[PDB]
Each structure stands twice: as structure tokens, then as C-alpha cells.
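The chain below stands alone, shown as C-alpha cells; this is the form deposited in one PDB entry.
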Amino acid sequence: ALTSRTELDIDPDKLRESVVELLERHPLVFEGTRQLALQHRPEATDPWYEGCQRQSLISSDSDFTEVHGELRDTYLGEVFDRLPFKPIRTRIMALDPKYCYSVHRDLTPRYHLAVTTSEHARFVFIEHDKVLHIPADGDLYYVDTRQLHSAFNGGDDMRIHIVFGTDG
């Protein structure tokens, strides 16, 4: 399906407060889609940003395996504890206000946890002709972004997600 829900039973307000505090210490980089790497390669010199990527040439996700040590004492670490899979290359992916993607296909689908969002932030699947909203309800949403699609944020606040990859 385009989308599936896995209940993690995370508290959305506590997850938000946790993510807000993290970003004060480790700000998002880039513009348009702003990013923070939550997993790093073993013994990485730049653990918080190396996994962040947005160039047209995608690198492999497989070696970004280590949840950063300082998440362990945070509610955000509890999200990683509850995951039904081992994540790889987990990032905070924040869509800027008034910003959207090209209609395109991704190589790999990902799991989205909406941290902050609004009714103005949607995925748009062009062939399926469906519009999809990921609520900040503390649950995990598989989204099949191999389907031709865009995502947009029509609001005035950033739409902050946590976006997990997986191999298996």
C-alpha cells in the first residue's frame, strides 16, 4: 500500500519537546529540506551531519547504523527503542514553510514519524491520485515514496519528521 501505520504509542507532546531541545543543541542544516543525522557511521568524525544528504547522487544507507550516544537519555531515544526494525540513516527531515519537492520517485521507501506538522503538509501521489497527511500522533507511517509523488508544506511553520530507513 502507499502507507501503513505501526502503533508505537509514543507521546507526541513529549516527543516534540524532546526534538525541540535537541535542535537547540544541534541545529538543522540546509534549506528547503532541513536535516539532522540521528545515526552515524562507526567512529565518525561528523556524526550529526554526515548522514544528511540532498544531492542528486544518493549514497548508500547501509553504514549509518549507530544511534548517537546522547539520544539514550532522551525521549527521542525511546522512539528508537520501540522501533519494530533496525533503522539505518535515520534523519530529521524538516520541510520549510511554503516549500515543496519535484514530482519524482525515490529509490527507497522510508518510515515517517511526524513530530510537528499541520493540515498544510501533505504527500501527493500523482498516479494513485491520492493526497496523504501524516499526523503527529506518535505513530510510525510507512510511506512508499517509490511511487511517483511530491510532498509540500503550505504552512508557516516547518513540518518536522523523523525519517527512518531500513534494509530488513
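Counting begins at 1, following the sequence as shown. Rigid core (definition): largest C-alpha set, two forms, superposition within 1.5 Å.
The next section is about a form of this same protein that is not shown, the form solved in complex with a small molecule.
- Taking a 4.5 Å heavy atom cutoff to the small molecule in the entry with it bound, the contact residue among 112, 68, 26, 41 is 112.
- Of the residues 106, 46, 63, 137, just one reaches the small molecule in the entry with it bound with a heavy atom at 4.5 Å or closer; this is 106.
- Put simply, residue 83 is far from the small molecule in the entry with it bound: not one heavy atom of it is within 4.5 Å.
- Proximity of residue 163 to the small molecule in the entry with it bound falls within the 4.5 Å heavy atom cutoff.
- Mapping the unseen interface onto this chain, residue 145 counts among the residues with a heavy atom inside 4.5 Å of the small molecule in the entry with it bound.
- Using a 4.5 angstroms threshold between heavy atoms, residue 101 counts as touching the small molecule in the entry with it bound.
- Looking at 70, 66, 46, 106 after a core superposition between the shown form and the other one, you find that only 106 has a C-alpha shift of 2 Å or more.
- Distance between the C-alpha atoms of residue 41 and residue 57: shorter by at least 3 Å in the entry with it bound than in the displayed form.
- The Cα-Cα distance between residue 61 and residue 55 is shortened by 3 Å or more in the entry with it bound relative to the form shown here.
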